[PDB]
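Asks: With the input below, show me the fold.
(3 chains, ligands or ions: 8)
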Amino acid sequence: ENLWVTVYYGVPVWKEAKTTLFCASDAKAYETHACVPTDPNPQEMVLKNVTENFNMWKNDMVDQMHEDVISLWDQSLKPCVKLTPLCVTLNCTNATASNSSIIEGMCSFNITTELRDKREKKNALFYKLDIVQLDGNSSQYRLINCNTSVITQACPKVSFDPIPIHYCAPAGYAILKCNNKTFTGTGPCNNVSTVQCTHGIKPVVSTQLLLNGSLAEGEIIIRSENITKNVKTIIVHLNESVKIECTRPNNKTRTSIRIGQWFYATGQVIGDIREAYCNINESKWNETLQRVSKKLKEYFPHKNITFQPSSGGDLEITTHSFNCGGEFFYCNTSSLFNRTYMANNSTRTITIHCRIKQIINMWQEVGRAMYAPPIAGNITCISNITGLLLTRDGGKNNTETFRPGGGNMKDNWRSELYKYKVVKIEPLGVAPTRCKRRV
Amino acid sequence: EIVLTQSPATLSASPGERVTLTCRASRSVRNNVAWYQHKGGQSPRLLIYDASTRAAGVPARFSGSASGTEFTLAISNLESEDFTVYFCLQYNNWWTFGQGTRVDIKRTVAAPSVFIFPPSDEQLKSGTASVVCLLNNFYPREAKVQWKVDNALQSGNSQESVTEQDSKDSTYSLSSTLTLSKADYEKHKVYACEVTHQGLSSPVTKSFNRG
Amino acid sequence: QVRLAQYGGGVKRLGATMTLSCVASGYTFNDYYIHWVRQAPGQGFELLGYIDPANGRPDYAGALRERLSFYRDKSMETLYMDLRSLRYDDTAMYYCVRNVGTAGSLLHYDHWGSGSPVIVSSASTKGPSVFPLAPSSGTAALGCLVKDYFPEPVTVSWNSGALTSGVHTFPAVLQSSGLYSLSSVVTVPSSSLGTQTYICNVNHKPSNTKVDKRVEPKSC
Ligand SMILES: *[C@@H]1O[C@H](CO)[C@@H](O[C@@H]2O[C@H](CO)[C@@H](O[C@@H]3O[C@H](CO[C@H]4O[C@H](CO[C@H]5O[C@H](CO)[C@@H](O)[C@H](O)[C@@H]5O)[C@@H](O)[C@H](O)[C@@H]4O)[C@@H](O)[C@H](O[C@H]4O[C@H](CO)[C@@H](O)[C@H](O)[C@@H]4O)[C@@H]3O)[C@H](O)[C@H]2NC(C)=O)[C@H](O)[C@H]1NC(C)=O
Ligand SMILES: *[C@@H]1O[C@H](CO)[C@@H](O[C@@H]2O[C@H](CO)[C@@H](O[C@@H]3O[C@H](CO)[C@@H](O[C@@H]4O[C@H](CO)[C@@H](O)[C@H](O)[C@H]4NC(C)=O)[C@H](O)[C@@H]3O)[C@H](O)[C@H]2NC(C)=O)[C@H](O)[C@H]1NC(C)=O
Ligand SMILES: *[C@@H]1O[C@H](CO)[C@@H](O[C@@H]2O[C@H](CO)[C@@H](O[C@@H]3O[C@H](CO)[C@@H](O)[C@H](O)[C@@H]3O)[C@H](O)[C@H]2NC(C)=O)[C@H](O)[C@H]1NC(C)=O
Ligand SMILES: *[C@@H]1O[C@H](CO)[C@@H](O[C@@H]2O[C@H](CO)[C@@H](O[C@@H]3O[C@H](CO)[C@@H](O)[C@H](O)[C@@H]3O)[C@H](O)[C@H]2NC(C)=O)[C@H](O)[C@H]1NC(C)=O
Ligand SMILES: *[C@@H]1O[C@H](CO)[C@@H](O[C@@H]2O[C@H](CO)[C@@H](O)[C@H](O)[C@H]2NC(C)=O)[C@H](O)[C@H]1NC(C)=O
Ligand SMILES: *[C@@H]1O[C@H](CO)[C@@H](O[C@@H]2O[C@H](CO)[C@@H](O)[C@H](O)[C@H]2NC(C)=O)[C@H](O)[C@H]1NC(C)=O
Ligand SMILES: *[C@@H]1O[C@H](CO)[C@@H](O)[C@H](O)[C@H]1NC(C)=O
Ligand SMILES: *[C@@H]1O[C@H](CO)[C@@H](O)[C@H](O)[C@H]1NC(C)=O
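Replies: Residues are numbered from 1 along each chain as shown, chains lettered A, B, ... in the order given. Ligands and ions are numbered 1, 2, ... in the order given. The structure is reproduced below:
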C-alpha cells in the first residue's frame, strides 16, 4: 500500500557491449606507440559478492588490439622508402667467402641513380630465402615477393618494438577483471574487480610459443575452446619462465645504395661464418614438458600424449619465429618437441640451429612485404618464454598428438586479454517506495 | 570412434506426405550434427547445421530435432524433387559421414521375376565362365540374392547392379553376376541363386545344371 | 557467390602420382579452412584431411598420412593435393569443401566444390567382348554380357533398337582388372524364345568398334 514509482540515478548496474577503447600509455620514446597526450595510473577495487561471466574467445578487445597493431605498423611503414627499382634481374654466382650455401648473395644488378640516364652495376648480399631462381639458366635470380607485391624498407631509426600499452575504457564504460587463480579464460568468476586501464600489454610477435609474457598464479594453465573436441589452437600458459637465449655471432657490414632516399643493403660479412643458434636449459624444458603433459592428460584421460614437430606450412609455422633487435629469426624446433609420455637446475643445455631472413611478408597475410635493413655487428638476445601455442591432430586412434602451431597472430594477444571485459554502465533504475509530490 | 549409423537404407513415401529420417550416433556428439541433401552427383547442400537450426536458403518444410545420441530430419511436404539421397554429418571429433538414405516413390509391393542364365559358351571358351542372375520389376528395394553352387555358398566373388526406380511402374530391376574361371566353373554341376524379398513368400532359388 | 572450381581427374595409371586442384573465388581466402573428402563407389563419404589456407598448415587422416600432401598458393587463391602411389581402391570422386570455422573451433561444411572423378586403372582403350546369355529355357527373359571394355561410354540396344519389352541396361561395374563390364536384359513371352529374333547391339565410341550379337540361336 502507498507504494509509488521512484527513480534512481548513478545506480551500480551494467550491461555488456562493445565500444572503442583508449590508447593511453607512458611517456613516448623513440620520437609500438604513436599516441598523444596522456599519462595513465590504474587503481583496482575488489567488488564484494560480485559474480560475473567471462569469455576469452568472444571478447571484442582482441580484435581492436589486432586492428590497432596493424594500423600502427602501416603508419610506421607509410613514409619509408619503397624498393620497387630493385626488382631487375639479378646475376648471381656468389662463391666468395668460405660459406656461400648459407647466404649465396655476394648478386649484381643495374640500378638507376640520381640522374635517370645513368645505370651502375651495384652488388650486395642476400639470403637465398629472400631470393628465388628464375626459369632457364640457374644463374638468373629475382626478389621473392616482387612479382606478388611491393616492398617497403623499414625506416632504420623508427624501431617499433614491444613497448607496453594500457587499454583504457572511455567514460561510461568500465573494464572488468578477474583474478581467480584457476580461471581457464572462460566461465564465471566469483572474484571480480574493475580498473580504468589494463596493464602494460606488450605487442609481441612470435610463433610456436609466446615470450615476454605473464605467468599464471597456480600451476600451468591450459586454455582452449570447448564448443567441440575439434579445436583450432590450445593455449598453454606457464607458471614458471624458462629462459631462452639467442645470438648472431657474425659481424655484418651495412652499406648504403642510392636508388634523398637511400637503400640499406648488407655490404659484407666480417668474421668466420657461424649459423645463428639459441640455447635452452635442458632440465627446465624436461620438467616443464612433464608438467604440461601431466596437466594436459586430465582433459584426455584414457590416451597417450605425444609431442612431435609441426608439418608443412610456411617458415612462420614450421619453425619458431620471433625478432630480436632489427633482425628476424626462424629456429628449427624439432629437437625440443620430440617427446612421448605414458598413460599409466641448469646442468645441461639444448642447442638449436636457426636461420634469419630480411624480406618479411606481413605476418598476418601476403600482399604487402617488409624489408629489414641489416643490423651491423653481432647480436645477442635473451627472453622469457611463458606459454605454448599447441594444436592437436584429430583422426588418430588411441594416441593424441599435440604439435606446435600458431601462425594466426591473434592467438598471441587472445592469450593475454582473457582477464579483461568491457561493460556499459546503466546508471538509471526504478523501484517502489513511499512518495508524494506536492501539487 | 564415432560411427553415424544412418538408417533406414531406403524410405518410401508418396508425394505430399511427411517423412522422417534417423542418424544414430555411436556415442555422445553434443549438439554437433548436420544434415545434407545429396543430388544426382552434384554438390551436396546444407540443410541443418545443428541438430535443429535450419541453414540459410533452405525451404521451410525441412526441420530437425535432437534426441541425445539420436538425431532426426523431417520433411513435411515431400515434393518430387526431394526424392533423393540425404546423409548426416558430425563435427564433434574427427569428421565422419553416414551411409546415406534414399527417398524413393512409394507404391504397392511387387515381387521380382527371377531368372538365371548359364555362362555363355563363348565365355567358357575364354576360360572365364561367369553365372548371371536377374531380378526384374520388384518393390521395395529390400530384395536380396545369395549365390550357391551345388547348394554350397559363394561369397565375395560376385557383383550386383540396380536400375533406377523405373518410373513406368516405380519398381526396381536388379542383376547379379558370379565371376569364376572355367576350372572353378568345372568344380560343380548345379549352380543356384537364392533370391529373397519381402515381396516373395520364400527364398525363390532358381538354378541350372551344367550342360 | 562463392564457387570452388576443380580441375584434374580422368584416368590416372596404377602406381602413378596424381595432383588435383581447387580455385577459390568470392570470399576472403584466409578466413575458411579447406577440406578434401572422397567417395569410393559403394561406400559412404570419408575425410582425407584439411589445409588451412592462410598459413598452409595441413592435417591428414591416420591411414593416409604417408601418401597425401596438401599445399596452396595464396596469390592465385589455388589449392592442391597429391596422392602418391595410387592403389586400385582409390577409385573415387574427390570434392574440395569449405567449412565454417569459428574463432576457436571448426564446424560443418557449407559449400561443396564441383568435384573431380578419378579412375585408377592401367589399360589401353579397348572395345567390348560380347557374350550372349542363354534365354530362360508366362514371361521369359534373356540377356547379354558386355565384357572387358575400357573406357566408358558404351551403348547397348536390342534388335537394332526395335525391341523394348522390359529392356534394361545396368550401370557398369569396374572389375578388379581395371576394365568395365555390364549386362543388358530383355523380357519376352515364354513362347517367343522359339520364334522371335533377338539381336543384342553393342557400340563403344572411344574405340568405335561395334558388334550386333545374336542371343536367339541358343534358345536353350
Ligand atoms: C609469383 O611467384 C610465385 C613463386 O614462383 C608464383 O607461384 C607459382 O605459381 C605456379 C602457378 O600458379 C605454381 O606452379 C604450379 O605447381 C603445381 C604443383 O606444385 C609445384 O610445386 C610443388 C612443391 O611442393 C613441395 O611440397 C609439397 C608438400 O608441401 C610436396 O608434396 C611436394 O612434393 C614438394 O616437395 C612440386 O611438388 C610440384 O612438382 C610443382 O613444382 C603444378 O601442378 C602446376 O601445373 C601446371 O601445369 C599443368 C600441366 O602439367 C596444368 O594442368 C596446371 O593447371 C598448371 O598450369 C603449376 O606448375 C608454383 O608452384 C608456384 N610457386 C610455388 C613456390 O608454389 C606466383 O604464381 C607468382 N605470381 C604471383 C601473382 O604470385
Ligand atoms: C623482451 O624481449 C626483448 C627482445 O625481444 C628483450 O629486450 C632486449 O634486450 C637487449 C639487451 O638484452 C637490447 O639490446 C640493446 O638495445 C639497445 C636499445 O637502445 C641498443 O642500443 C641502441 O638502440 C638504438 C635504438 O634505440 C639502435 O638504433 C642502436 O643501433 C643500438 N646500438 C647502439 C650502439 O646505439 C643496443 O645496441 C642493444 O641492441 C634490446 O634493445 C632489447 N629489446 C627491446 C625491444 O627492448 C627483453 O629482455 C625481453 N624481456 C625480458 C623481461 O627480458
Ligand atoms: C629441422 O631439422 C630436422 C633435423 O633435425 C629436419 O629433418 C630432416 O629433414 C631432411 C630434409 O632433407 C630429411 O632428409 C630427407 O628425407 C627424405 C625422406 O623423408 C629424403 O627423400 C631426402 O632425400 C632427404 O634425405 C631428414 O630425414 C629429416 N630428419 C628428421 C630426423 O626428421 C627438418 O626438415 C628441419 N625442419 C626445418 C623446417 O628446417
Ligand atoms: C624423435 O625421437 C625418436 C626416438 O629417439 C627418433 O627415432 C629414431 O629414428 C631413426 C630414424 O629416423 C632411427 O635410426 C636408426 O638408424 C640406424 C642406422 O641407420 C638403423 O640401423 C636403425 O634401424 C634405425 O633406423 C633411430 O633408431 C630412432 N631412435 C630410436 C631410439 O629408436 C627420431 O629420429 C626423432 N626425430 C626427430 C625429428 O628428432
Ligand atoms: C647492365 O647493363 C649492361 C649494358 O646493357 C649489361 O651489359 C652486357 O653487355 C654485353 C656486351 O656484349 C651483352 O652481351 C650482355 O647481354 C649485357 N648484359 C645484359 C644483361 O643485357 C650488363 O649485363 C647489365 N648487368 C646487369 C646485372 O643487369
Ligand atoms: C631430458 O629428457 C630426455 C628425454 O628423456 C633425456 O634424453 C634421454 O637421456 C637418457 C639418459 O638420461 C638416454 O638414455 C636417452 O637415449 C635420451 N633420449 C631419450 C629419447 O630418452 C635427457 O637426458 C634429459 N635431460 C635432462 C637434463 O634431464
Ligand atoms: C575459481 O572459480 C572456480 C569455479 O568453479 C571455483 O571453484 C574456485 O573456488 C574459484 N577460486 C577462487 C580463488 O576464487
Ligand atoms: C581475489 O580474491 C583474493 C582473496 O579473496 C583477493 O585478495 C583479490 O583481490 C581478489 N581479486 C579479485 C579481482 O576479485
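
Asks: Break chain B into its domains for me.
Replies: When chain B is parsed with CATH domains of a matching chain, its domains come out as B:1-107, B:108-211.

Asks: can you tell which of those is closest to residue A:71?
Replies: Set against residue A:71 and scored by Cβ to Cβ, the domains of chain B come closest in domain B:1-107, at 32.7 Å. Just so you know, the C-beta spots here come from the backbone N, C-alpha and C atoms, and that holds for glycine as well.

Asks: So which residues on chain C come close to ligand 1?
Replies: By Cβ under 6 Å from any ligand atom, the part of chain C that sits against ligand 1 consists of C:19, C:69, C:71, C:73, C:75-76, C:80, C:82.

Asks: now, which of the residues you listed sits nearest residue A:49?
Replies: Closest to residue A:49, out of all of those and judged by Cβ to Cβ, is residue C:71, at 55.8 Å.

Asks: Roughly how far does the closest one sit from residue C:78?
Replies: 10 Å (Cβ to Cβ, to the nearest Å).

Asks: who's in contact with the residue nearest to residue A:324 when sequence neighbours are not counted?
Replies: Spatially, and ignoring its direct neighbours in sequence, residue A:324 is nearest to residue A:381 (3.4 Å; Cβ to Cβ, 6 or more residues apart in numbering or on different chains). Residues counted as contacts of residue A:381 (Cβ atoms under 8 Å, 6 or more residues apart in numbering or on different chains) are A:245-247, A:324-325.

Asks: if I pick residue A:94, what's in contact with it?
Replies: A:100, A:103-107.

Asks: now these in CSV, with distance to residue B:44, secondary structure and neighbour count?
Replies: Formatted as CSV, the contacts of residue A:94 follow (distance: Cβ to Cβ, whole Å; DSSP: H, G, I helix; E, B strand; the rest coil; neighbours: other Cβ atoms under 10 Å in any protein chain shown):
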residue, distance to residue B:44, secondary structure, neighbour count
A:100, 54, coil, 17
A:103, 51, coil, 21
A:104, 49, strand, 19
A:105, 51, coil, 21
A:106, 56, coil, 18
A:107, 52, coil, 22
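
Asks: which one of the residues you listed sits closest to ligand 5?
Replies: residue A:107 (8.5 Å; Cβ to the nearest ligand atom).

Asks: what's the neighbour count on the closest residue to ligand 8 within chain B?
Replies: In chain B, the residue that lies nearest ligand 8 is residue B:30 (31.8 Å; Cβ to the nearest ligand atom). Using other Cβ atoms under 10 Å in any protein chain shown, residue B:30 has 15 neighbouring residues.

Asks: part of a helix, is it?
Replies: No - checked against DSSP: H, G, I helix; E, B strand; the rest coil, residue B:30 lies outside a helix; its state is coil.

Asks: Secondary structure class of residue A:214, three-state.
Replies: Put simply, residue A:214 is coil when judged by three-state DSSP.

Asks: Leaving out the residues flanking it, which one is nearest to it?
Replies: Of all residues not flanking residue A:214 in the chain, residue A:386 sits nearest, at 6.5 Å (Cβ to Cβ, 6+ apart).

Asks: so what's the one you found up against?
Replies: Going by Cβ under 8 Å, 6+ apart, residue A:386 touches A:210-215, A:237-238, A:241.

Asks: Looking at those residues, which is nearest residue C:65?
Replies: residue A:210 (28.5 Å).

Asks: The closest one and residue C:162: what is the separation?
Replies: To residue C:162, residue A:210 is 79 Å away according to Cβ to Cβ.

Asks: okay, these two: which has more neighbours?
Replies: Set side by side, residue A:210 and residue C:162 show more neighbours around residue A:210, with 25 against 10, by other Cβ under 10 Å.

Asks: what about the closest residue to ligand 6 within chain C, how many neighbours?
Replies: Taking Cβ to the nearest ligand atom as the measure, chain C has residue C:65 as its residue closest to ligand 6, at 21.9 Å. Residue neighbour count, defined by other Cβ under 10 Å, stands at 16 for residue C:65.

Asks: do you know how far it is from residue A:312?
Replies: Per Cβ to Cβ, residue C:65 is found 11 Å from residue A:312.

Asks: Tell me how far the most centrally placed residue in chain A lies from residue A:163.
Replies: Against the mean C-alpha coordinate of chain A, by Cα atoms, centre = their mean, the closest residue is residue A:205 at 2.3 Å. For residue A:205, the distance to residue A:163 equals 13 Å [Cβ to Cβ].

Asks: re the thing from before, so the residue nearest to the centre of chain A sits in a strand?
Replies: No - Residue A:205 is assigned coil when assessed by three-state DSSP, not a strand.

Asks: mind checking the backbone torsions on it?
Replies: Main-chain torsions, residue A:205, degrees, to the nearest 10: phi -120, psi 120.

Asks: so it sits right up against residue A:411, yeah?
Replies: No - counting by Cβ atoms under 8 Å, residue A:205 stays clear of residue A:411, with 11.9 Å between them.

Asks: Residue 3: how many residues sit nearby?
Replies: Since you didn't name a chain, this refers to chain A. Neighbours of residue A:3 under the rule other Cβ under 10 Å: 10.

Asks: my bad, the chain I had in mind was chain B
Replies: By the criterion of other Cβ under 10 Å, residue B:3 has 13 neighbours.

Asks: Now it: closest residue in space that isn't a chain neighbour?
Replies: Excluding the flanking residues, the one nearest residue B:3 by Cβ to Cβ, 6+ apart is residue B:26, at 4.3 Å.

Asks: so how far is residue B:8 from the residue of chain C found nearest ligand 5?
Replies: Residue of chain C nearest ligand 5, by Cβ to the nearest ligand atom: residue C:75 (25.8 Å). Going from residue C:75 to residue B:8 by Cβ to Cβ gives 49 Å.

Asks: next one: residue A:211
Replies: Using Cβ to Cβ, residue A:211 is found at 57 Å from residue B:8.

Asks: Looking only at neighbour counts, state which of these two leads.
Replies: Shown here are residue A:211 and residue B:8; by other Cβ under 10 Å, residue A:211 has more neighbours (20 against 12).

Asks: Look up the residues forming beta bridges with that one.
Replies: residue A:385 (DSSP bridges).

Asks: For it, give me its contacts.
Replies: Contact analysis of residue A:211 by Cβ under 8 Å, 6+ apart lists A:204, A:244, A:322, A:383-386.

Asks: do residue B:75 as well
Replies: For residue B:75, the contact set (Cβ under 8 Å, 6+ apart) comprises B:18-20, B:61-63, B:82, B:103.

Asks: and the longest strand belonging to chain A, what does it pack onto?
Replies: Secondary structure assigned by DSSP state E gives strand A:234-257 as the longest strand of chain A. For strand A:234-257, the elements it packs on are strand A:221-223, strand A:263-270, strand A:277-281, helix A:282-296, strand A:327-331, strand A:377-392, judged by 3 or more Cβ pairs under 8 Å, 6 or more residues apart in numbering or on different chains; DSSP states H and E.

Asks: so after whichever helix or strand residue A:423 is part of, what's the next helix or strand?
Replies: Residue A:423 belongs to strand A:420-425 when assigned by DSSP states H and E. Next in sequence after strand A:420-425, counting helices and strands by DSSP H and E, comes strand A:429-433.

Asks: Name every strand pairing with that following strand and say which way it goes.
Replies: strand A:4-8 (antiparallel).

Asks: for whatever helix or strand comes next after the strand it pairs with, which positions count as buried?
Replies: Counting by DSSP H and E, the next helix or strand C-terminal to strand A:4-8 is strand A:14-16. Buried positions in strand A:14-16, judged by neighbour count with 16 or more other Cβ atoms under 10 Å in any protein chain shown: residue A:14.

Asks: which outside residues touch strand A:14-16?
Replies: Outside strand A:14-16, the residues touching it (Cβ under 8 Å, 6+ apart) are A:174, A:421-426.

Asks: Any figure for the gap between the residue nearest to the centre of chain A and ligand 4?
Replies: With distances taken as Cβ to the nearest ligand atom, to the nearest Å, residue A:205 is found 26 Å from ligand 4.
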